[PDB]
Amino acid sequence: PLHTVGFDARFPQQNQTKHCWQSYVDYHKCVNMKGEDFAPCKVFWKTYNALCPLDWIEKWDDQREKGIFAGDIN
Amino acid sequence: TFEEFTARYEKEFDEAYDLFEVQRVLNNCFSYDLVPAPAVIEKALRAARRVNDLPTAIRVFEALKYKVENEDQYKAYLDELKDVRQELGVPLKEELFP
Amino acid sequence: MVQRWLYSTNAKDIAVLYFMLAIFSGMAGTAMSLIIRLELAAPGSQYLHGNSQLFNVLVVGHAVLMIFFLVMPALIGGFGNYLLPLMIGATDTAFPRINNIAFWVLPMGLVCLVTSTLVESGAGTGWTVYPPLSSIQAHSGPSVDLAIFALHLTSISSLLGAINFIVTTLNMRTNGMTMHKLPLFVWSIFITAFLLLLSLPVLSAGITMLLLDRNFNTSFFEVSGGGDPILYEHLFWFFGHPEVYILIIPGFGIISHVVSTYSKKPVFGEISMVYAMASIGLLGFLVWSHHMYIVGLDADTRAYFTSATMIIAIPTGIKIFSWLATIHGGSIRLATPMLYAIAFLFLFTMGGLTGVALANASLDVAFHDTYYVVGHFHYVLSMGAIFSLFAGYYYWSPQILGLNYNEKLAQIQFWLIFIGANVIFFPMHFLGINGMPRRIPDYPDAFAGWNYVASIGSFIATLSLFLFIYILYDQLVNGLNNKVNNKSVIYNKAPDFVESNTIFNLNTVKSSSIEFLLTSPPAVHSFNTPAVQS
Amino acid sequence: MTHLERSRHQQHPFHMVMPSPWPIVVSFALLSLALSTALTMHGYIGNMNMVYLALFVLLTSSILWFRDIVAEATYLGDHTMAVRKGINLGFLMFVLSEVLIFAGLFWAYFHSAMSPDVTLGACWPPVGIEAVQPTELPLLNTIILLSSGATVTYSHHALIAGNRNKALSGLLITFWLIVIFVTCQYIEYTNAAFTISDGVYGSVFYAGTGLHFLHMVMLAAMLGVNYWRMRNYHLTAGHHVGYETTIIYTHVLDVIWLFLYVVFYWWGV
Amino acid sequence: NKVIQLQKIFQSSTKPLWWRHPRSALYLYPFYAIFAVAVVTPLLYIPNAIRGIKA
Amino acid sequence: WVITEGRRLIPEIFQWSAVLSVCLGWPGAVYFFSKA
Amino acid sequence: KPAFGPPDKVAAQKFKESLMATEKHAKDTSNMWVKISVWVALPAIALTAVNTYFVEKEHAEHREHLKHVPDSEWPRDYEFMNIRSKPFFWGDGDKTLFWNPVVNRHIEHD
Ligand code: HEA
Ligand code: HEA
Ligand SMILES: [Ca+2]
Ligand SMILES: [Cu+2]
């Protein structure tokens, strides 16, 4: 009953900082920008909740709220 | 080649005008990998008599004894050189007991 | 007099000053090693109460004092300044006035280092001063700022010295000395100076970046701001791997000269020797990131760095075999310098095999940041560079000073240091293969076995150093009496087999360098009329 | 020449300098600068009056070092042909080290530019930074620097030719055309929107151009001492080493600016 | 210009090179006064920094 | 050449095996004498 | 006594003519660079200085417009914008070497 994120092309190497970041950007652009369907957005949601340290999420949650998020969610 | 080697030190020893040159040539002849031919050694003995140095003639066979590397080949050099050595008067180290 | 030593322009006096500073720093840095060994002798904090600081600070001081204040001023500033002009045939160096500032900025660095140690914080960062730990939040005092300033002073000294040696070699040679016909020590110094010239500026840039980031608020390596602490690793090690070759290349020239004088036969294939010496320096600039295997590089760059670092063994091996081929046929004179050279040939090859074992990126994941690497680089540093330093001293001191040194009391020192250093540095490879990490003051109990053995061996080497100091004292005092009695050996080349004792006494020195033909001690103005070659 | 006369002269072409106190005076001035700067950064003094004093003594001692060099080359005349080759070779090895300092600064730029950090934007330059516009004002500095290389060239050849009014005029335009570069660069720094504290982008931007900016101020000083020495009949028609090293310095420093104009200005926006 | 008459003065002087010019006394004396203050004042603050008192 | 080389070569291999066993095998003495 | 040997007399007239050849080459090539300076460098500066002068005044009126109205307050700063790990030692706590209060503000949003 165990499973996890599969091997991904474009991110095939040891360094995985961008793989975490892109899933967070993709998830918010999946919902706010044309969030017509709930199901496909969950692929990123289970992908950055994995592979990403917790405290990074709260830091990015404050920066988004305050309007100083570097990524373009919209 | 060996014959070229022998015929060119046969000429070097014939031209050695002091006791520094004789001890310089013999240090060159025994510095080569090959053991010199018995014809070479005979000319070296004549050179020592020419510059009047008994101890360098004694060291000729001492150099050969360590160089010849064989106990019978030292006797082989010994036999052919009996006439010249006895005529000159060179004593071997063992006979001399120094 | 003040004018002679404070206003020095003569290169030999600057060489003597370099030597004198090296021994003081050498004794200072080898006592911290004694304290480290005493602290690691048994589990638990035995001598230093519980202070993990003042342990890392001592390690940093030991490493800096041994590398930047002993080997650099002795091999390069001590031997290079005294011997390169004499073997080339130049009366002095090209820039005689910056040669003095190349030295006098070194004592200022010692003041900066000591006052850095005495400030309440200290610099417990290692000799590789990595940004995030040595930043302003983790090291909040003025300590590492003062430590950085010392590195700038050493860097400027080395750079100004390196510029001096390139110009001196290129256009201050004698009437016959074509660039093709040089002694090998001069070639080693030349290549070392060229490595220093191209490697120092990158270290200066990285170090100044670190300083500005700590005090001028530049996100150079700060994570909050887009900085990368791994860029510092590239910048530092680009000077770092080439550096491990500045400390051994002048050590190669000494061994090349030693083994062909007490073995009366010239070096086998000299042009291949200089080719191999230049190839190690050139190709060491293409292998710097093997010190960064586990930092998270790409798989394909790890393969490149694995393939490029093993090529180092091709010229290096050529130097090992060509040293064993120039002693095959000749007559061997077993003196103290020859005993040091023979020990070097064995211990440096033992170090190099472990080095090639470390060069594989797939295996280094089991041997990195352990005492395995410590045991490795203590063979090529404490047995590869120190031994050639002892061999060079015993080789040139009677010619330089004019005082002999009681042979039988020096061979005792050789044996003591041999069997003492082998005891310290051989068990380390056993501690490293079980996974004992580096830079710790106290270790799990199961590691207490070989650590005790290594701690016992440090006292032997310290006793040998004390005996060496006594040898120095007995050389300076009543050293003129050593060559009157039968305490020392006078001639470094015995007469040939068919060379009488009365002909050896008109041609005493059959040497291939001008160094051993000069008066002892050499005159202040050595060369009035230039010497002619070929 | 008699055998007796030849023995009353050096037998080698190399220059033996008398003992001098400046190598150690500069050494002591570098410790005071290193020791006073480390204190004012964390307090322990109170004001920045000792840092200024250390810099003044460091500069003044260096002037008295150069004051001795011009005396033994113009009045004692110890710079033979062999000595002149070593000075030129030593300067060429010194500008290579200067270039490699800049090479370490381009490496720092390409590291954060090719793969911009995630704490920044996904782009480069970072989000919310108004980078310097390459066509409005820096382009004026580019034309100015190129024209400096054209007016120092005919000032050099006019000195060889033998007329001093064109040689003296070429340097005067060269000096004032370099000062205009420094003042125009000063205007842009005080009008820029971003500071050195603006993340990693400001650090690499102001370290490359700032190091060049500090090098241009030292170029104007070098040009200024060649105008004093030319006006007072120091530089001759066939022996000017203090001027040849200045022409190499300004030509090399134009190539570095062109490289800083392509990657920091054009490629970085 | 004056180079010829300056050449005759610097040569045949039997004095240190920084003392030969007649105008050298104006630079050297004020320099050693400021120099002493520059290399002694930072050395007084060393014990104060070791104790930890910040001025 | 077989007769001459035998008198000098073969004894040295036995001396060879002794010294190299000392430089490399010394830590085996400490462990056995009293690993305790 | 003669020290040196007989004068070569061939190195001379090959050293004393190269000097004349060198100064002749510098004589006309100097005239070539003067022509380049006046006819290329001078027009280039004149056609870019008049352009920079006009664009600079357009920037100047924009800069003085900033002071007139704070209005909606200064744009907020990203997490990497103003770094104050250790305050500057020269004067106040937060001002860089070149500071233009018109365009640099560093407002703190607490
Ligand atoms: C003088 C100093 C010196 C010298 C000469 C060397 C020489 C070599 N070193 Fe290194 N090294 C250091 C000083 C030195 N080193 C230091 C100080 C560190 C640690 C720094 C730190 O992290 O703090 C280090 C660390 C270090 C690392 C990083 C380990 C790590 O941090 O994980 C590596 C990686 O490959 C390495 C490899 C080599 C190799 C392949 C050589 C080669 O030059 C060796 C080549 C030698 C031989 C090949 C043997 C002789 C040749 C023959 C007998 C011929 C036959 C050979 C074959 C058939 C192959 N050593
Ligand atoms: C030249 C460099 C050099 C030398 C000579 C030494 C010599 C010694 N070192 Fe080492 N050491 C380093 C360079 C050196 N070291 C470096 C770079 C590190 C890494 C630090 C870090 O991790 O940050 C290190 C770290 C290091 C550690 C690991 C610390 C840790 O990781 O936490 C230990 C452990 O025992 C150690 C012990 C010793 C001992 C007992 C000696 C000596 O007792 C060995 C015997 C040698 C001598 C006694 C010197 C004799 C010669 C002279 C005194 C000069 C005078 C002679 C002449 C002029 C001919 N030092
Ligand atoms: Ca302990
Ligand atoms: Cu390396």
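The backbone N, Cα and C atoms fix where each Cβ goes, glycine too.
Here is what Swiss-Prot says about this protein:
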type	residues	note
BINDING	C:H62, C:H378	Fe(II)-heme a binding site
BINDING	C:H376	heme a3 binding site
TOPO_DOM	C:1-14	topological domain 'Mitochondrial matrix'
TOPO_DOM	C:89-97	topological domain 'Mitochondrial matrix'
TOPO_DOM	C:172-183	topological domain 'Mitochondrial matrix'
TOPO_DOM	C:264-269	topological domain 'Mitochondrial matrix'
TOPO_DOM	C:328-335	topological domain 'Mitochondrial matrix'
TOPO_DOM	C:401-406	topological domain 'Mitochondrial matrix'
TOPO_DOM	C:475-534	topological domain 'Mitochondrial matrix'
TRANSMEM	C:15-39	transmembrane segment
TRANSMEM	C:55-88	transmembrane segment
TRANSMEM	C:98-118	transmembrane segment
TRANSMEM	C:143-171	transmembrane segment
TRANSMEM	C:184-215	transmembrane segment
TRANSMEM	C:229-263	transmembrane segment
TRANSMEM	C:270-295	transmembrane segment
TRANSMEM	C:299-327	transmembrane segment
TRANSMEM	C:336-358	transmembrane segment
TRANSMEM	C:371-400	transmembrane segment
TRANSMEM	C:407-431	transmembrane segment
TRANSMEM	C:450-474	transmembrane segment
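Where Swiss-Prot records a feature, it is marked here on the structure.
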residue : record                     : Cβ neighbours (10 Å)
C:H62   : Fe(II)-heme a binding site : 20
C:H376  : heme a3 binding site       : 24
C:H378  : Fe(II)-heme a binding site : 19
Among C:55-88, C:98-118, C:270-295, C:299-327, C:371-400, which stretch has the highest count of C-beta pairs below 8 Å with the transmembrane segment (C:184-215)?
C:270-295
Should anything in the same chain at least six residues away from the transmembrane segment (C:98-118) have a Cβ under 8 Å from its Cβ atoms, list it; otherwise answer none.
7-9, 11, 14, 17-18, 21, 25, 57, 61, 64, 68-69, 73, 77, 81, 142-147, 149-151, 153-154, 156-158, 160-161, 163-164
With pairs fewer than 6 apart in sequence excluded, do the transmembrane segment (C:15-39) and the transmembrane segment (C:336-358) have three or more C-beta pairs that lie under 8 Å?
no
Would you mind listing the long-range same-chain contacts of the transmembrane segment (C:270-295), meaning Cβ under 8 Å and 6+ residues beyond its ends?
184, 187-188, 191-192, 194-195, 198, 230, 233-234, 237-238, 240-242, 244-245, 249, 252, 256, 301-302, 305-306, 308-309, 311-312, 315-316, 318-319, 322, 358-359, 361, 364-365, 368
Tertiary contacts of the topological domain 'Mitochondrial matrix' (C:1-14) (same chain, 6+ residues out, Cβ under 8 Å):
77, 81-82, 85, 92-93, 96-97, 99-100, 102-103, 522, 524
Tally the residues of the topological domain 'Mitochondrial matrix' (C:172-183) by DSSP class, grouping H, G and I as helix, E and B as strand, and everything else as coil.
0 helix, 0 strand, 12 coil
Determine which residues of the chain contact the topological domain 'Mitochondrial matrix' (C:401-406) at the Cβ level, with the cut-off under 8 Å and only residues 6 or more beyond its ends counted.
394, 471, 474-476, 479-480, 482-483, 487-490, 520-521
Could you tell me the C-alpha distance between the residue listed as 'heme a3 binding site' and C:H62 (Fe(II)-heme a binding site) in angstrom, no decimals?
18
